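# Close look at the chain arrangement
Each chain, written out:
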Amino acid sequence: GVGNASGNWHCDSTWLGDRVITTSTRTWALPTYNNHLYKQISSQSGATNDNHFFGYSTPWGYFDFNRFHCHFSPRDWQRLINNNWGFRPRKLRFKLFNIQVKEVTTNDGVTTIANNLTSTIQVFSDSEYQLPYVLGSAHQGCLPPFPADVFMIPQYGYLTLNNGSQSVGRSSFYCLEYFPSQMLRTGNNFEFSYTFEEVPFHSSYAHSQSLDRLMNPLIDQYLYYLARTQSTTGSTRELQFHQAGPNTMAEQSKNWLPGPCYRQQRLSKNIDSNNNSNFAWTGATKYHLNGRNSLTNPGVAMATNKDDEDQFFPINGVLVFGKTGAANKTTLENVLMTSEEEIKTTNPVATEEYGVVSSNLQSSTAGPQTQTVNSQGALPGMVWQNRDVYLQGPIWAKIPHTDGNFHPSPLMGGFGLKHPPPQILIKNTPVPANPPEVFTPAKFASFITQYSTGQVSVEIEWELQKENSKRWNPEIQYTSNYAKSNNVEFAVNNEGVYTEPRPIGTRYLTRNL
């Protein structure tokens, strides 16, 4: 009813062993988008060939909770990462309640808001995945990390096949009103459930060993390797074979290789150490698709740097978050950089080459020649780790429906799902203004300005993978600084603005490689 609440505020994180259920409730607002119209959108004429697009902006909004800070509080995230070797999402429950549709008159420079007890809102989940999926592109407009913050629902829109700024016959147009939808008045609520597919546990650990250091450092190998081609004490030719041992670990026979590489240019956090040119685009690592160059950002998972090089990062091979209050264009001091240095054990460094291969056939007259492999694809015997997930980073990405894929793990980091949580589209039902007294066939374009508010609750049940290490020495754990400061870490300031000072990964416990 009008005076009866259709739901309650559930914000909790219950731990049960091998299982944690996180429920987050947020207050949401929804404007009318596009004046209830579908608008064709395209890149401007002056846009570069690489930024051409064609698509449609709809009057619908969508709910996005595809970020770990939507469901995990910093304390909950700390509990997860400091005590578990892995985790994955198991169950999902979505609820929409306490809906209030409000009319706005905005007359004579003063806006008056009134309750509209008969207007409805249309809500539906694309459980059959018949709409373009957009909850996989690190877009803004998700649930605020802080439960007390109210957020504005983002406007739904999609892109289709384009030829420059034009569309081709293969381009598809989607009308969301063509789907079945549930209509909610102030007394109604919407609910639905979803089950995640069996997906691998996310690696919440770093390796205690490197791939090239898996041998016994005390015994020798029974296999021989060519140690010298020229005999010492003069320029004499002879094939010398040695058994590799502890002192020649680099020459030992191994069973595994580091993961695939797609090299990226290196930048220094000290500006004076970088080349004096604007190479953010020319020097960036890209891929070619239909005559378009697109950044490989963040690209294949690779170590951000090697030992003692924390001030170097790949040109575009690292996820970069914004500090609280940061603008859409800022400098290095106002952004937070993730570091994938934990995967140096098995992944190549993003800024270095994969290796060197022979590029010719040597002879008594032709000396050996080597070639640097700056991009190596999958090889047999390769092992690697995926990009680390972050509290403020994405959770899941839809796997493209294609004939083939290789290791369908999202490059931005998270879980790849063939049937991810369906998009939940929400819209304010149009409420026409007074029609003309004499019939006219012209399109109706007079609407009473309206918006909506409500509560949205998302409950995710995650399965925990328990650490079982026999490590004797204490582990590295995520912890907050104990030093005095003007503001508590992960809290509000004197202005009531919630802040996330730094990014938190998951790889603090360690596993044997």
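Conventions adopted
- Each chain carries its own residue count, running from 1 in the order of its written sequence; this scheme can depart from the entry numbering, and residues that have no coordinates do not appear.
- Each side-chain value is derived from all of the structure's non-hydrogen atoms; neither hydrogens nor water enter the calculation.
- Ring geometry is summarised as follows: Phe, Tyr and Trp rings, the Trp one being its six-membered ring, pair when their centres sit within 6.5 Å, and such pairs are stacked at plane angles under 30 degrees, edge-to-face over 60 and tilted between the two.
- Runs of E in the DSSP output that reach at least two residues are strands. Runs of H or I that reach at least four are helices, and both are numbered from the N terminus.
- Partly exposed describes any residue whose relative accessible area lies between the buried limit of under 20% and the exposed limit of over 50%, with all areas from a 1.4 Å probe on protein chains only and scaled to the type maximum.
- Remark: nonpolar core denotes a set of buried residues (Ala, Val, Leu, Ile, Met, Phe, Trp, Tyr, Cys) joined through side-chain atoms within 4.5 Å.
- Every residue pair with non-hydrogen atoms within 4.5 Å of one another is taken to be in contact.
- Note on pairing: DSSP must find at least two bridges between two strands before they are called paired.
- The domain limits used here are those given by an automatic or database domain assignment.
- In this description, buried area is defined as the sum, over both parts, of the accessible area (probe of 1.4 Å) that is lost when the two are combined.
- Put simply, a salt bridge is a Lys or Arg side-chain nitrogen that is within 4 Å of an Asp or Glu carboxyl oxygen.
- Within 3.5 Å is the distance limit for a polar contact, defined as a pair of N or O atoms, with the added protein rule that one can donate a hydrogen and the other accept it, and that residues adjacent in sequence qualify only through two side-chain atoms.
- The residue classification treats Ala, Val, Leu, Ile, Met, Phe, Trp, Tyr, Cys and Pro as nonpolar and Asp, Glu, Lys and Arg as charged. All others, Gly included, are polar.

The deposited coordinates derive from cryo-EM, with the record listing a resolution of 2.58 Å.

So, on to the packing of aromatic side chains. One pass over the structure, following the stated rule, counts 31 aromatic pairs. Ring plane angle 25 degrees and centroid distance 5.8 Å describe the contact between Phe 65 and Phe 94, whose orientation is recorded as stacked. Of this pair, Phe 65 sits in the loop between β4 (54-63) and α1 (74-83) while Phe 94 sits in strand β5 (residues 84-104); the two residues are 29 residues apart in sequence, bridging distant segments of the chain. Accessibility expressed as a relative area gives 3% for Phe 65, which makes it buried.

Moving on: unusual backbone geometry. Cis geometry marks the peptide bond from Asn 297 to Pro 298, where omega comes out at 0 degrees. You can see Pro 298 is positioned in the loop between β22 (292-295) and β23 (312-314). In this model, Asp 18 sits at a positive phi of 50 degrees, which is unusual for a non-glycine residue. Tracing the backbone shows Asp 18 in the loop between β1 (12-15) and β2 (20-30). For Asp 18, a relative accessible area of 45% translates into the label partly exposed.

A word on the nonpolar core. Core analysis: the largest hydrophobic core is formed by 62 residues, its most contacted members being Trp 28, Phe 63, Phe 68, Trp 77, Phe 94 and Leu 96. Take this core: its biggest share by element is six residues, from β5. Once residues lying within four places of it in the same chain are set aside, the contact partners of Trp 28 are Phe 63, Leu 96, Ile 99, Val 150, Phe 151, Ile 153, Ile 426, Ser 452, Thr 453, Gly 454, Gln 455 and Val 456. Of all hydrophobic cores here, the second largest spans seven residues; its members include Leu 267, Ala 284, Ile 315 and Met 337.

To continue, consider the pairing of strand β13 (residues 190-195). Within a regular strand, side chains alternate between the sheet's two faces. Along β13, the buried face is formed by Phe 190, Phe 192 and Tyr 194; none of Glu 191, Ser 193 and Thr 195, which line the opposite face, is buried. Inspection of the sheet shows β5 paired to β13 by six bridges, in the antiparallel sense. Bridge assignment links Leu 96 to a residue of β13, and that residue is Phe 190.

Entries for the protein in the domain assignment read domain 1 (12-206 + 387-511) and domain 2 (262-380). The interface of domain 1 with domain 2 comprises 22 residues on the first partner and 22 residues on the second. Of the roughly 1,800 Å² buried where domain 1 meets domain 2, counting both sides, 56% is carbon and sulfur surface. Counting the contacts that link domain 1 with domain 2 gives two salt bridges. A salt bridge links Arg 507 to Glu 340, with the shortest nitrogen-to-oxygen separation between them at 3.7 Å. Connecting domain 1 to domain 2 are eight residue pairs in polar contact. Its residues assigned to classes, the side of domain 1 that touches domain 2 comprises nine nonpolar, six polar and seven charged.

Here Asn 305 lies in the loop between β22 and β23. Each C-alpha atom of the pair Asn 305 and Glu 342 lies 9.7 Å from the other, and the pair is 37 residues apart in sequence. Ignoring any residue separated from it by four or fewer positions in sequence, one finds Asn 305 in contact with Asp 310, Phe 312, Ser 339, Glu 341, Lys 344 and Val 349. In this structure the side chain of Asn 305 is engaged in a polar contact, spanning 3.4 Å, whose partner is the backbone oxygen of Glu 309.

All right, on to the environment of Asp 220 then. You can see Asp 220 is positioned in the loop between β15 (205-207) and β16 (224-231). Judged by relative accessible area, which is 49%, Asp 220 ranks as partly exposed. Taking the C-alpha atoms as reference, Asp 220 lies 6.1 Å from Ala 244; in sequence the two are 24 residues apart. Here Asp 220 is in contact with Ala 244, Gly 245 and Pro 246, once residues within four sequence places are set aside.

The element β5 is extensively covered by neighbouring structure, given that 15 of its 21 residues are classed as buried. Bridging between β5 and strand β14 (residues 202-203) involves two bridges; their strand directions are antiparallel. Among the inter-strand pairings, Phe 87 is bridged to a residue of β14, identified as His 202. In the sheet, β5 pairs with strand β6 (residues 113-115) via three bridges, with the strands oriented antiparallel. Paired with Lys 102 across the bridge in β6 is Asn 115.

So, about the pattern of salt bridges. Tallied over the entire structure, the rule returns 17 salt bridges. Salt-bridge contacts for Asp 76 lead to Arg 79; the nearest nitrogen and oxygen are separated by 2.8 Å. Here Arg 79 and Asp 76 lie together in helix α1, a separation of three residues that amounts to about one turn. By relative accessible area, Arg 79 is classed as partly exposed at 32%. For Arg 387, the salt bridge is made with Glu 340, and the minimal N-O distance between the two is 3.9 Å. Within this pair, whereas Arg 387 is found in the loop between β29 (382-383) and β30 (396-398), its partner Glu 340 is found in the loop between β25 (335-337) and β26 (355-358), the two being separated by 47 residues in sequence.

Our next topic: the side chain of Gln 455. Locating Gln 455 in the fold gives a position in strand β33 (residues 450-466). Within the local environment of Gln 455, its side chain forms a polar contact with the side chain of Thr 27, the two groups lying 2.6 Å apart.

Looking at the element boundaries, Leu 143 is found in the loop between β7 (121-125) and β8 (151-152). Considered as a pair, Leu 143 and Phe 65 are 78 residues apart in the sequence and their alpha carbons are 5.6 Å apart. Beyond its immediate sequence surroundings of up to four residues, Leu 143 is in contact with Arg 26, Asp 64, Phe 65, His 69, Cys 70, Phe 151, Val 456 and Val 458.

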